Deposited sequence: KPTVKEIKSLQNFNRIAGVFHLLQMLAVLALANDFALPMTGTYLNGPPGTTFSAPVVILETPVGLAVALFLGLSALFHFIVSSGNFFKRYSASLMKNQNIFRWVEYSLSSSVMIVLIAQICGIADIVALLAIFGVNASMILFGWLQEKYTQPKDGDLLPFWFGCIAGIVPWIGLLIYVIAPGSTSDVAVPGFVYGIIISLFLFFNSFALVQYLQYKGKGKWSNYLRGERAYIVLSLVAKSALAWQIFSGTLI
């Protein structure tokens, strides 16, 4: 109903306000914590020798955390004018796909650096393939309705989506570890929680397109997504905050 549409304008505006408040809070309180992006270039032939790692760029973590919070705050304020409905008049939500393409990619990169993924190409590619996951979900919503035909776009998203995490799992397990590799307790919590949040985002899409009575109303799904952006970003933002100090 349009009455639900109206509640969504108010709902988004509040979601944005919470993201905005936390963004400012982090900006006020966070220290100057930075993580490295490096390159290990060749000293010659491909399989002969490598030049020692050079730090190309560093990531100001507090600003980066504020950044993905800022992206949600911003997009919710844009949406609050009723534009997402104006783009309907099932529904489709491009605003969300653009927002997530940016913010979920910003934050998966943070998680990687936290694990120890320093290489600049790795972090770039992870950002790219995470964006692909979001863009596949967008294509699901663009070309199909809640019917059998939505399978592929979704599952292509799952393929692009699962990879980043597999990379993290490699570093968490550390196949080449020589016993001096310790992963912090707060890191393990960040990975698990955020992984479980990413799974629920996939779950919303699935159920929404599967068509379960409850989720036959697109707007229940829309609202559930908005909460997940809010809860998952908050969770990571304050876990990293606490962990930076720990």
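A.B. asks: Since the structure holds only modelled residues, which stretches of the deposited sequence does it leave out?
C.D. replies: Several stretches lack coordinates - namely 1 to 2, 92 to 95, in sequence order.
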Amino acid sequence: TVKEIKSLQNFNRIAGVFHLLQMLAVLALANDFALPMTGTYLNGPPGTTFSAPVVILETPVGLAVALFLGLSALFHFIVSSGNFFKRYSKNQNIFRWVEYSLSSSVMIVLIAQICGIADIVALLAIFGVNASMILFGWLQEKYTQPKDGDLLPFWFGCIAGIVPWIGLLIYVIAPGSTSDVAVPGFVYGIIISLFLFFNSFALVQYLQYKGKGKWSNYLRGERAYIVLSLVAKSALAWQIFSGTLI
From here on, numbers count along this sequence of modelled residues.
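A.B. asks: So 4 to 12 or 236 to 244, which one's hotter by mean CA B-factor in the entry?
C.D. replies: Averaged over C-alpha atoms, the B-factors run higher in 4 to 12.
A.B. asks: With reference to the PDB entry, specify whether the mean Cα temperature factor is higher for 36 to 44 or for 23 to 31.
C.D. replies: It is 36 to 44 that shows the higher mean C-alpha B-factor.
A.B. asks: What's the residue among 200, 59, 179, 216 with the greatest CA temperature factor in the PDB record?
C.D. replies: In the PDB entry, the greatest C-alpha B-factor among 200, 59, 179, 216 is found at 179.
A.B. asks: If I read the C-alpha B-factors straight from the PDB entry, which of 190, 204, 183, 196 is highest?
C.D. replies: Answer for 190, 204, 183, 196: 183, with the highest C-alpha B-factor.
A.B. asks: Name the third of the chain's ranked CA B-factors that contains residue 209, choosing lowest, middle or highest.
C.D. replies: It belongs to the middle third of the chain when residues are ordered by C-alpha B-factor.
A.B. asks: Per the entry's values, where does residue 133 land by CA temperature factor relative to the rest of its chain, in the lowest, middle or highest third?
C.D. replies: Lowest third, going by the recorded CA B-factors of the chain.
A.B. asks: Could you tell me which third, lowest, middle or highest, the C-alpha B-factor of residue 155 occupies within its chain?
C.D. replies: CA B-factor rank for residue 155: middle third.
A.B. asks: Can you tell me which third, lowest, middle or highest, the CA B-factor of residue 85 falls into for its chain?
C.D. replies: Highest third.
A.B. asks: Classify residue 173 as lowest, middle or highest third according to the C-alpha B-factor given in the PDB entry, relative to its own chain.
C.D. replies: CA B-factor rank for residue 173: highest third.
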